[PDB]
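Data from protein.csv: CSV, C-alpha atoms and all ligand atoms
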```csv
chain,number,residue,atom,x,y,z
F,4,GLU,CA,89.5,0.1,13.7
F,5,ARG,CA,92.4,1.0,11.4
F,6,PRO,CA,94.0,-2.4,10.2
F,7,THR,CA,97.7,-3.0,10.5
F,8,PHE,CA,99.5,-2.5,7.3
F,9,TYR,CA,102.6,-4.2,5.9
F,10,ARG,CA,105.1,-3.2,3.2
F,11,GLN,CA,106.4,-5.0,0.1
F,12,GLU,CA,108.5,-3.9,-2.9
F,13,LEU,CA,106.9,-5.2,-6.1
F,14,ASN,CA,108.6,-4.3,-9.4
F,15,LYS,CA,110.4,-1.3,-7.8
F,16,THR,CA,107.3,0.2,-6.1
F,17,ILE,CA,106.5,0.1,-2.3
F,18,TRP,CA,103.0,-1.4,-1.7
F,19,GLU,CA,101.6,-0.9,1.8
F,20,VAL,CA,98.4,-2.8,2.4
F,21,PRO,CA,96.3,-4.2,5.3
F,22,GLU,CA,97.4,-7.6,6.5
F,23,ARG,CA,94.2,-9.2,5.3
F,24,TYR,CA,95.6,-9.0,1.7
F,25,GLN,CA,98.2,-11.8,1.1
F,26,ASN,CA,100.2,-13.2,-1.8
F,27,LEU,CA,100.5,-10.0,-3.8
F,28,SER,CA,101.6,-10.7,-7.3
F,29,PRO,CA,102.0,-8.1,-10.1
F,30,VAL,CA,99.7,-8.6,-13.1
F,37,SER,CA,100.0,-0.9,-11.2
F,38,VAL,CA,97.7,-3.9,-10.5
F,39,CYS,CA,98.4,-6.9,-8.2
F,40,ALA,CA,96.5,-10.0,-7.8
F,41,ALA,CA,96.1,-11.0,-4.1
F,42,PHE,CA,94.1,-13.2,-1.7
F,43,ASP,CA,91.8,-11.4,0.7
F,44,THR,CA,92.0,-13.7,3.7
F,45,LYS,CA,89.1,-11.9,5.3
F,46,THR,CA,86.6,-12.7,2.5
F,47,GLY,CA,88.1,-15.7,0.8
F,48,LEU,CA,88.1,-13.7,-2.4
F,49,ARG,CA,90.8,-13.5,-5.1
F,50,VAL,CA,91.1,-9.8,-5.6
F,51,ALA,CA,92.7,-7.3,-7.9
F,52,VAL,CA,94.5,-4.4,-6.1
F,53,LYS,CA,95.3,-1.2,-8.1
F,54,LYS,CA,97.8,1.2,-6.6
F,55,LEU,CA,97.2,4.7,-8.1
F,56,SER,CA,100.3,6.3,-9.6
F,57,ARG,CA,100.9,9.8,-8.0
F,58,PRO,CA,97.2,10.5,-7.6
F,59,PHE,CA,97.5,14.2,-6.6
F,60,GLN,CA,100.4,15.4,-8.8
F,61,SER,CA,98.3,17.8,-10.9
F,62,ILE,CA,94.8,19.2,-11.0
F,63,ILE,CA,94.0,16.9,-13.9
F,64,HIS,CA,95.4,13.8,-12.0
F,65,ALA,CA,93.7,14.7,-8.7
F,66,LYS,CA,90.3,15.1,-10.4
F,67,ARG,CA,90.8,11.8,-12.3
F,68,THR,CA,91.6,10.1,-9.0
F,69,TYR,CA,88.3,11.5,-7.5
F,70,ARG,CA,86.4,10.5,-10.7
F,71,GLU,CA,87.6,6.9,-10.7
F,72,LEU,CA,86.8,6.5,-6.9
F,73,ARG,CA,83.4,8.1,-7.3
F,74,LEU,CA,82.5,5.8,-10.2
F,75,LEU,CA,83.8,2.6,-8.6
F,76,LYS,CA,82.0,3.4,-5.3
F,77,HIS,CA,78.7,3.9,-7.2
F,78,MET,CA,78.7,0.6,-9.1
F,79,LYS,CA,76.7,-2.1,-7.5
F,80,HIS,CA,75.6,-4.6,-10.2
F,81,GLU,CA,76.5,-8.2,-11.1
F,82,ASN,CA,77.8,-7.3,-14.5
F,83,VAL,CA,79.9,-4.2,-13.6
F,84,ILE,CA,83.2,-4.2,-11.6
F,85,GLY,CA,82.6,-2.8,-8.2
F,86,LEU,CA,84.7,-1.8,-5.2
F,87,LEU,CA,85.4,-4.4,-2.6
F,88,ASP,CA,87.7,-2.1,-0.7
F,89,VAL,CA,89.6,1.2,-0.8
F,90,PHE,CA,92.4,2.1,1.5
F,91,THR,CA,95.3,4.4,2.3
F,92,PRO,CA,98.1,3.9,4.8
F,93,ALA,CA,97.8,7.6,5.7
F,94,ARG,CA,96.4,8.3,9.1
F,95,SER,CA,95.3,11.9,8.3
F,96,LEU,CA,94.4,14.1,5.3
F,97,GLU,CA,97.8,15.8,5.7
F,98,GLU,CA,99.6,12.4,5.2
F,99,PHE,CA,97.3,11.3,2.4
F,100,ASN,CA,99.2,10.6,-0.9
F,101,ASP,CA,98.3,7.0,-1.9
F,102,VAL,CA,95.1,5.4,-2.9
F,103,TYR,CA,94.5,1.6,-3.4
F,104,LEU,CA,91.4,0.2,-5.0
F,105,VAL,CA,90.3,-3.5,-4.5
F,106,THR,CA,88.0,-5.4,-6.9
F,107,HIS,CA,87.1,-9.0,-7.7
F,108,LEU,CA,89.7,-10.8,-9.7
F,109,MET,CA,88.1,-12.1,-12.9
F,110,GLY,CA,89.4,-15.2,-14.7
F,111,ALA,CA,90.3,-13.6,-18.0
F,112,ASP,CA,89.3,-10.9,-20.4
F,113,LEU,CA,87.5,-11.5,-23.8
F,114,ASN,CA,90.5,-10.2,-25.7
F,115,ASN,CA,92.7,-13.0,-24.2
F,116,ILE,CA,90.1,-15.8,-24.2
F,117,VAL,CA,88.3,-15.4,-27.6
F,118,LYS,CA,91.2,-14.0,-29.8
F,119,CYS,CA,90.8,-15.2,-33.4
F,120,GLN,CA,87.9,-17.5,-32.4
F,121,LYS,CA,84.2,-17.6,-33.1
F,122,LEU,CA,81.8,-18.5,-30.3
F,123,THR,CA,78.7,-20.6,-30.3
F,124,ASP,CA,75.5,-18.7,-30.6
F,125,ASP,CA,74.5,-19.5,-27.0
F,126,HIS,CA,77.7,-17.9,-25.7
F,127,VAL,CA,77.2,-14.8,-27.9
F,128,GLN,CA,73.6,-14.6,-26.5
F,129,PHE,CA,74.8,-14.9,-22.9
F,130,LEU,CA,77.8,-12.6,-23.1
F,131,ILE,CA,76.1,-9.9,-25.0
F,132,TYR,CA,73.0,-10.3,-22.7
F,133,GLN,CA,75.3,-9.6,-19.7
F,134,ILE,CA,77.0,-6.7,-21.3
F,135,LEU,CA,73.6,-5.1,-22.1
F,136,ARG,CA,72.3,-5.8,-18.6
F,137,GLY,CA,75.3,-4.0,-17.2
F,138,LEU,CA,74.8,-1.2,-19.7
F,139,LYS,CA,71.1,-0.8,-18.8
F,140,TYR,CA,72.3,-0.2,-15.2
F,141,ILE,CA,75.1,2.2,-16.0
F,142,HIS,CA,73.1,4.2,-18.5
F,143,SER,CA,70.2,4.5,-16.1
F,144,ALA,CA,72.7,6.5,-13.9
F,145,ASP,CA,73.7,8.6,-17.0
F,146,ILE,CA,77.1,7.0,-16.8
F,147,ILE,CA,78.7,6.4,-20.2
F,148,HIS,CA,81.5,3.9,-20.4
F,149,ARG,CA,82.9,5.3,-23.7
F,150,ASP,CA,85.6,2.7,-24.1
F,151,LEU,CA,84.0,-0.8,-24.3
F,152,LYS,CA,86.2,-3.3,-26.0
F,153,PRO,CA,87.0,-7.0,-25.5
F,154,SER,CA,90.0,-6.2,-23.3
F,155,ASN,CA,87.8,-4.5,-20.6
F,156,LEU,CA,85.2,-7.3,-20.6
F,157,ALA,CA,86.2,-10.0,-18.2
F,158,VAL,CA,84.6,-13.4,-17.5
F,159,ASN,CA,84.9,-16.2,-14.9
F,160,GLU,CA,84.8,-20.0,-15.6
F,161,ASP,CA,81.0,-20.0,-15.4
F,162,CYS,CA,80.9,-17.5,-18.4
F,163,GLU,CA,79.7,-14.7,-15.9
F,164,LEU,CA,80.8,-11.3,-17.2
F,165,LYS,CA,81.8,-8.0,-15.7
F,166,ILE,CA,82.4,-4.7,-17.4
F,167,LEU,CA,85.8,-3.1,-16.4
F,168,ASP,CA,87.7,0.1,-16.6
F,169,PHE,CA,85.7,3.2,-15.6
F,170,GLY,CA,87.1,6.7,-15.3
F,171,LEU,CA,90.5,5.8,-16.8
F,172,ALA,CA,92.8,8.5,-18.2
F,173,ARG,CA,91.6,9.7,-21.6
F,174,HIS,CA,93.7,8.2,-24.5
F,175,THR,CA,96.4,10.1,-26.2
F,176,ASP,CA,96.3,11.0,-29.9
F,177,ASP,CA,99.1,8.6,-30.5
F,178,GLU,CA,97.3,5.7,-28.8
F,179,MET,CA,94.3,6.2,-31.1
F,180,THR,CA,96.5,6.3,-34.3
F,181,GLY,CA,96.8,3.5,-36.8
F,182,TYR,CA,95.9,-0.2,-36.8
F,183,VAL,CA,94.8,-0.3,-33.1
F,184,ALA,CA,92.1,-1.9,-31.1
F,185,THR,CA,91.9,1.2,-29.1
F,186,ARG,CA,89.9,2.7,-31.9
F,187,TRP,CA,88.2,-0.2,-33.7
F,188,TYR,CA,85.2,-0.3,-31.3
F,189,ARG,CA,84.5,3.5,-31.1
F,190,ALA,CA,81.4,5.0,-32.5
F,191,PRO,CA,82.1,7.2,-35.6
F,192,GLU,CA,80.7,10.3,-33.9
F,193,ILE,CA,83.2,10.0,-31.1
F,194,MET,CA,86.1,8.8,-33.3
F,195,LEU,CA,85.7,11.9,-35.6
F,196,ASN,CA,84.1,14.4,-33.1
F,197,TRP,CA,81.0,14.8,-35.2
F,198,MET,CA,78.8,16.1,-32.4
F,199,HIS,CA,78.1,15.9,-28.7
F,200,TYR,CA,78.0,12.2,-28.0
F,201,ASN,CA,75.7,10.4,-25.5
F,202,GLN,CA,75.0,6.9,-24.1
F,203,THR,CA,74.4,5.4,-27.6
F,204,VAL,CA,78.2,5.3,-28.2
F,205,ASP,CA,78.3,2.3,-26.0
F,206,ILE,CA,75.7,0.4,-28.0
F,207,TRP,CA,77.9,0.9,-31.2
F,208,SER,CA,80.7,-0.8,-29.3
F,209,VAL,CA,78.5,-3.6,-28.3
F,210,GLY,CA,77.6,-4.1,-31.9
F,211,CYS,CA,81.2,-4.3,-32.9
F,212,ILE,CA,81.9,-6.7,-30.1
F,213,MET,CA,78.9,-8.9,-30.8
F,214,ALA,CA,79.9,-9.1,-34.5
F,215,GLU,CA,83.5,-10.2,-33.5
F,216,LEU,CA,82.2,-12.9,-31.2
F,217,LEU,CA,80.0,-14.2,-34.0
F,218,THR,CA,82.7,-14.2,-36.7
F,219,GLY,CA,86.0,-14.4,-34.8
F,220,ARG,CA,87.1,-11.3,-36.7
F,221,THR,CA,87.3,-7.6,-35.9
F,222,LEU,CA,84.3,-5.8,-37.5
F,223,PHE,CA,86.0,-2.5,-38.4
F,224,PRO,CA,89.8,-3.1,-38.3
F,225,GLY,CA,90.7,0.3,-39.7
F,226,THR,CA,94.4,1.1,-40.5
F,227,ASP,CA,93.6,4.7,-39.4
F,228,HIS,CA,90.6,6.9,-38.7
F,229,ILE,CA,89.7,7.5,-42.4
F,230,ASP,CA,90.2,3.9,-43.4
F,231,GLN,CA,88.0,2.9,-40.5
F,232,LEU,CA,85.3,5.3,-41.5
F,233,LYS,CA,85.3,3.9,-45.0
F,234,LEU,CA,84.9,0.3,-43.5
F,235,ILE,CA,82.0,1.6,-41.4
F,236,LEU,CA,80.2,3.4,-44.2
F,237,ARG,CA,80.6,0.4,-46.6
F,238,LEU,CA,78.6,-1.7,-44.1
F,239,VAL,CA,76.0,0.8,-42.8
F,240,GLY,CA,75.8,3.2,-45.8
F,241,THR,CA,76.8,6.8,-46.1
F,242,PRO,CA,74.8,9.3,-44.0
F,243,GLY,CA,71.6,10.8,-45.3
F,244,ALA,CA,70.4,14.4,-45.1
F,245,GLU,CA,68.9,14.1,-41.6
F,246,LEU,CA,72.1,12.7,-40.0
F,247,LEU,CA,74.3,15.2,-41.9
F,248,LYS,CA,72.4,18.1,-40.2
F,249,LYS,CA,73.3,16.7,-36.8
F,250,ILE,CA,77.0,16.7,-37.5
F,251,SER,CA,77.6,20.0,-35.8
F,252,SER,CA,81.3,19.9,-36.8
F,253,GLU,CA,81.2,21.9,-40.0
F,254,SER,CA,84.5,20.5,-41.1
F,255,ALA,CA,83.6,16.9,-40.3
F,256,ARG,CA,80.3,17.3,-42.2
F,257,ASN,CA,82.0,18.8,-45.2
F,258,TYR,CA,84.4,15.8,-45.4
F,259,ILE,CA,81.8,13.1,-45.1
F,260,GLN,CA,79.8,14.7,-47.9
F,261,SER,CA,82.9,14.3,-50.2
F,262,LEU,CA,82.5,10.5,-50.2
F,263,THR,CA,80.6,8.6,-52.9
F,264,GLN,CA,77.2,7.6,-51.6
F,265,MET,CA,76.8,3.9,-50.7
F,266,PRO,CA,73.7,2.0,-49.5
F,267,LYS,CA,73.6,-0.1,-46.3
F,268,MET,CA,74.6,-3.7,-47.0
F,269,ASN,CA,72.5,-6.7,-46.5
F,270,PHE,CA,73.7,-8.0,-43.0
F,271,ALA,CA,72.5,-11.5,-43.7
F,272,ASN,CA,75.0,-11.7,-46.5
F,273,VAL,CA,77.8,-10.2,-44.2
F,274,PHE,CA,77.1,-12.5,-41.2
F,275,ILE,CA,76.6,-15.7,-43.2
F,276,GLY,CA,75.1,-18.5,-41.2
F,277,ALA,CA,74.4,-16.4,-38.1
F,278,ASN,CA,71.2,-16.6,-36.2
F,279,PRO,CA,68.7,-14.3,-38.0
F,280,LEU,CA,67.8,-12.8,-34.6
F,281,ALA,CA,71.5,-12.0,-34.1
F,282,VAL,CA,71.6,-10.3,-37.5
F,283,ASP,CA,68.5,-8.3,-36.7
F,284,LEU,CA,70.0,-7.1,-33.4
F,285,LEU,CA,73.2,-6.1,-35.1
F,286,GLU,CA,71.3,-4.1,-37.7
F,287,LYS,CA,69.6,-2.3,-34.8
F,288,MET,CA,72.8,-1.6,-32.9
F,289,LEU,CA,75.0,-0.6,-35.9
F,290,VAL,CA,73.0,2.4,-37.0
F,291,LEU,CA,75.0,5.4,-38.0
F,292,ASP,CA,72.6,8.0,-36.5
F,293,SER,CA,73.0,7.5,-32.8
F,294,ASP,CA,69.5,8.8,-32.2
F,295,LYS,CA,68.1,5.7,-33.9
F,296,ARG,CA,70.3,3.0,-32.3
F,297,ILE,CA,68.5,0.5,-30.0
F,298,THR,CA,69.1,1.2,-26.3
F,299,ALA,CA,70.3,-1.3,-23.8
F,300,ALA,CA,66.9,-1.5,-22.1
F,301,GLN,CA,65.2,-2.0,-25.5
F,302,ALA,CA,67.8,-4.6,-26.6
F,303,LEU,CA,67.3,-6.7,-23.4
F,304,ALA,CA,63.7,-7.3,-24.6
F,305,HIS,CA,64.9,-8.4,-28.1
F,306,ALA,CA,64.0,-12.0,-29.0
F,307,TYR,CA,67.6,-12.9,-29.4
F,308,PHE,CA,67.9,-12.9,-25.6
F,309,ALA,CA,64.7,-14.9,-24.9
F,310,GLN,CA,66.6,-17.6,-23.1
F,311,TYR,CA,68.1,-15.1,-20.6
F,312,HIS,CA,65.8,-12.1,-20.4
F,313,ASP,CA,64.1,-11.5,-17.0
F,314,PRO,CA,62.6,-8.0,-16.7
F,315,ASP,CA,62.4,-8.5,-12.9
F,316,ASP,CA,66.2,-9.1,-12.7
F,317,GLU,CA,67.6,-6.3,-14.9
F,318,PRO,CA,67.9,-3.6,-12.3
F,319,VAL,CA,68.6,0.1,-12.7
F,320,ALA,CA,71.1,2.2,-10.8
F,321,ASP,CA,70.7,4.8,-8.1
F,322,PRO,CA,71.2,8.3,-9.4
F,323,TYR,CA,74.8,9.3,-9.8
F,324,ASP,CA,75.7,13.0,-9.2
F,325,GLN,CA,78.6,13.9,-11.5
F,326,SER,CA,78.2,17.7,-11.1
F,327,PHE,CA,81.8,17.7,-10.0
F,328,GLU,CA,82.7,17.2,-13.7
F,329,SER,CA,81.9,20.8,-14.4
F,330,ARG,CA,83.8,22.1,-11.3
F,331,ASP,CA,87.2,23.7,-11.3
F,332,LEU,CA,88.9,23.1,-8.0
F,333,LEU,CA,92.5,23.1,-6.6
F,334,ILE,CA,94.6,20.0,-6.1
F,335,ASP,CA,94.1,20.0,-2.3
F,336,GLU,CA,90.3,20.4,-2.8
F,337,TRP,CA,90.2,17.4,-5.1
F,338,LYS,CA,92.4,15.6,-2.6
F,339,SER,CA,90.1,16.4,0.3
F,340,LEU,CA,87.0,15.3,-1.6
F,341,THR,CA,88.9,12.0,-2.4
F,342,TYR,CA,89.9,11.5,1.2
F,343,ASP,CA,86.3,11.9,2.3
F,344,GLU,CA,85.3,9.2,-0.1
F,345,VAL,CA,88.0,6.9,1.1
F,346,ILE,CA,87.2,7.2,4.8
F,347,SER,CA,83.4,6.9,4.2
F,348,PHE,CA,83.7,3.7,2.2
F,349,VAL,CA,81.4,0.9,3.4
F,350,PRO,CA,82.3,-2.6,2.1
F,351,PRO,CA,79.7,-4.7,0.3
F,352,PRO,CA,78.1,-7.9,1.7
O,401,LIG,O1,92.0,-8.0,-18.2
O,401,LIG,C1,91.8,-8.7,-17.1
O,401,LIG,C2,91.9,-10.1,-17.0
O,401,LIG,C3,91.7,-10.9,-15.9
O,401,LIG,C4,91.2,-10.2,-14.8
O,401,LIG,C5,91.0,-8.8,-14.8
O,401,LIG,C6,90.5,-8.1,-13.7
O,401,LIG,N1,89.7,-8.6,-12.7
O,401,LIG,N2,89.4,-7.6,-11.9
O,401,LIG,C7,89.9,-6.5,-12.3
O,401,LIG,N3,89.8,-5.2,-11.7
O,401,LIG,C8,90.7,-4.1,-12.2
O,401,LIG,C9,90.3,-2.9,-11.4
O,401,LIG,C10,91.0,-2.6,-10.3
O,401,LIG,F1,91.9,-3.5,-9.8
O,401,LIG,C11,90.7,-1.4,-9.6
O,401,LIG,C12,89.8,-0.5,-10.1
O,401,LIG,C13,89.1,-0.8,-11.2
O,401,LIG,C14,89.4,-2.0,-11.9
O,401,LIG,CL1,88.6,-2.4,-13.4
O,401,LIG,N4,90.6,-6.7,-13.5
O,401,LIG,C15,91.3,-8.1,-16.0
```
Re-express the file's structure as structure tokens.
Ligand SMILES: Oc1cccc(-c2nnc(NCc3c(F)cccc3Cl)[nH]2)c1
Amino acid sequence: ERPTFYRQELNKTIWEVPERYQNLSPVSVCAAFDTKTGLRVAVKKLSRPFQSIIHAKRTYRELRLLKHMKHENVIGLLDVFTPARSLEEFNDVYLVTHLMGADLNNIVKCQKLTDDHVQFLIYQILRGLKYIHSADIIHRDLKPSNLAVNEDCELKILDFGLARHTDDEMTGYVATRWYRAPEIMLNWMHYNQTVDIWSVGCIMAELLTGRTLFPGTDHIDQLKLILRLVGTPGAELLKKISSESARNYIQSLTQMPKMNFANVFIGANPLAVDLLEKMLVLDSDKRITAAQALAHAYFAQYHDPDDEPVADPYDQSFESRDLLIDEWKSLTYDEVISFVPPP
């Protein structure tokens, strides 16, 4: 039952993988050919997955998330393996997924798309988001670089459970921050699923115009760009900013009304403008949800309420648990050896 493994050094790291995977090429992630399925695959070798409690829990988190996702528009797990033959030997985890053709950041850089492509790409993101949000999974980091497409314009959402960004990585004129909802960028309040809809709005705007919507040079500049478009917060939203210091700062800004989005997105389909106004609402309680957006008339060409499935429940009670490294490692090992490949 255990396959035979073979070893290869690739950019100064030993990769040990079942024989079915051939033509490993660095892209740590390698592209490869799964001779058993005929699929072009991406293979991620986790770096030192059990070196600390925080790392061991992150390894378990990523594997739990990838094992759960079973949806056309979300990256799922084709395989997971370790060369270890016992829990005692277990120190390496490899994750195998479909290899997509390219990501939106690489394909659509500086380019506006036709309206039909914006409809189809945003439709597919929202279909995937309906699925993940129905499991109370929040992506939290949607941006063009973790949205991948194939040559048929079919899209998958990537990168779940990744290591939380450092302060330096979120600093300055950086795409790591341009798509974040203001309540998470400035820690206004406990955030929820609606943060992902803000990112979809920023992404949809950029597909329509070819331009970053809120290319802030830093957190404060970005907030000013945001509030110029959507207006400064009103009294109801201010009360929900539980961060007293954040609430006090935003009240120091001169009040500004929401702009006319038809004058910002000149020439765009009025249905696209309407949908953007319903996504890019400052108060997260009032943003359109993914399920609601799928029924918006902008997507009339694509919407099928019988083919927009929800997810099985996802138990993430482990998130609140404090365990030892070897306990996270044992949980991870159970998930590796119980993996069942998809059809
Ligand atoms: O930014 C790009 C561009 C082209 C393909 C890809 C791509 N295709 N499949 C993936 N999967 C990456 C991956 C793993 F390899 C393992 C676990 C999770 C993920 Cl997202 N990435 C990403």
Let me have the centre and edge lengths in Å, one decimal, of the box along x, y and z around every listed atom of ligand LIG 401 (chain O) with 5 Å of margin on each side, as lines of an AutoDock Vina configuration file.
```
center_x = 90.3
center_y = -5.7
center_z = -13.9
size_x = 13.4
size_y = 20.4
size_z = 18.6
```
Taking only C-alpha atoms and all ligand atoms into account, produce a table as a Markdown table in which each residue of chain F with an atom at most 6 Å from an atom of ligand LIG 401 (chain O) appears once, together with its shortest atom pair and the distance in Å to one decimal, ordered by chain and rising number.
```
| residue | atom | partner | partner_atom | distance |
| --- | --- | --- | --- | --- |
| F:38 | CA | O:LIG401 | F1 | 5.9 |
| F:51 | CA | O:LIG401 | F1 | 4.3 |
| F:52 | CA | O:LIG401 | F1 | 4.6 |
| F:53 | CA | O:LIG401 | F1 | 4.4 |
| F:84 | CA | O:LIG401 | CL1 | 6.0 |
| F:104 | CA | O:LIG401 | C11 | 4.9 |
| F:105 | CA | O:LIG401 | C11 | 5.5 |
| F:106 | CA | O:LIG401 | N3 | 5.1 |
| F:107 | CA | O:LIG401 | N2 | 5.0 |
| F:108 | CA | O:LIG401 | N1 | 3.7 |
| F:109 | CA | O:LIG401 | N1 | 3.9 |
| F:110 | CA | O:LIG401 | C3 | 5.0 |
| F:111 | CA | O:LIG401 | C3 | 3.7 |
| F:112 | CA | O:LIG401 | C2 | 4.4 |
| F:154 | CA | O:LIG401 | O1 | 5.8 |
| F:155 | CA | O:LIG401 | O1 | 6.0 |
| F:157 | CA | O:LIG401 | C2 | 5.8 |
| F:167 | CA | O:LIG401 | CL1 | 4.2 |
| F:168 | CA | O:LIG401 | CL1 | 4.2 |
```
Fewer than 2 positions away in the same chain doesn't count, so skip those; otherwise give me all residues within 10 Å of residue 192 in chain F, counting only C-alpha atoms, as a ChimeraX atom specification. /F:189-190,194-201,204,250,255,291-293
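Excluding residue 170 in chain F itself and any same-chain residue fewer than 3 positions from it, the protein and nucleic acid residues within 9 Å of it, counting only C-alpha atoms, are residues 67, 68, 70, 71, 72, 73, 74, 75, 148 and 173 of chain F.
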Write out the residues from the selection above, keeping C-alpha atoms, as a tab-separated table (two decimals), in the frame of the given file.
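The file below, again-v6.tsv, is the result:
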```
chain	number	residue	atom	x	y	z
F	67	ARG	CA	90.80	11.80	-12.30
F	68	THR	CA	91.60	10.10	-9.00
F	70	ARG	CA	86.40	10.50	-10.70
F	71	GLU	CA	87.60	6.90	-10.70
F	72	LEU	CA	86.80	6.50	-6.90
F	73	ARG	CA	83.40	8.10	-7.30
F	74	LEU	CA	82.50	5.80	-10.20
F	75	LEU	CA	83.80	2.60	-8.60
F	148	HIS	CA	81.50	3.90	-20.40
F	173	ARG	CA	91.60	9.70	-21.60
```
Find the spatial neighbours of residue 165 in chain F, counting all atoms listed in the file, within a cut-off of 8 Å - ignore same-chain residues fewer than 5 positions away - and output them as a PyMOL selection string. chain F and resi 81-84+133-134+137+156-158
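You will find CA of residue 54 in chain F at 12.2 Å from CA of residue 88 in chain F.
Every protein or nucleic acid residue with an atom no more than 12 Å from residue 276 in chain F, counting only C-alpha atoms and leaving out same-chain residues fewer than 3 positions away, appears here: residues 123, 124, 217, 218, 270, 271, 272, 273, 279, 280, 281 and 282 of chain F.
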For residue 237 in chain F: contacts at 8 Å, only C-alpha atoms, fewer than 5 positions along chain excluded, given as JSON, numbers by chain: {"F": [265, 266, 267, 268]}
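Of the listed residues F:253, F:150, F:286, F:317, the one whose atoms come nearest to residue 214 in chain F is F:286, with distances taken using all atoms listed in the file.
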Distance in Å - CA of residue 113 in chain F versus CA of residue 29 in chain F: 20.2 Å
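Between CA of residue 326 in chain F and CA of residue 86 in chain F there is a distance of 21.4 Å.
Counting only C-alpha atoms, the residue from F:103, F:274, F:140, F:327 that sits nearest to residue 213 in chain F is F:274.
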